[PDB]
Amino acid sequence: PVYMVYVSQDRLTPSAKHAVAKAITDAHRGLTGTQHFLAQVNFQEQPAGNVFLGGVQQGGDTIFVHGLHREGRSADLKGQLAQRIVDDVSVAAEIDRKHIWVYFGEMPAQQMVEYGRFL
């Protein structure tokens, strides 16, 4: 999987980025069985003031986690993996759950390349 993680600049020190990528990655391997090195976490920073909720401009505390997964996971599984990302990122970032969004997009495995190799 590839987890696109959208945060504001300077809300996560370099040591907290690592804790959030670690939390996300572990949650994914512990609940799905996909090996460690197959989970990419790509942080996308933006300046404070680039997030809007109901047309209202936010500060720096929002995190949107967008996971791009292979298809074929029960709804039960994907829900557990979402809740666990919310909780684990919440601690690993020192941020309340309310500031944490999690979306999953699914793809056929045969159009999914990691390390230059197909799944």
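Residue indices: 1-based, along the sequence shown.
Of the two segments, 41-49 and 28-36, the one listed with the higher mean B-factor is 28-36 (C-alpha atoms only). Residue-level temperature factors show residue 67 in the lowest third of its chain, judged at the C-alpha atom. Residue-level temperature factors show residue 119 in the highest third of its chain, judged at the C-alpha atom. Compared with the other modelled residues of the chain, the Cα B-factor recorded for residue 59 ranks in the middle third. Per-chain ranking of the deposited C-alpha B factor places residue 105 in the lowest third.
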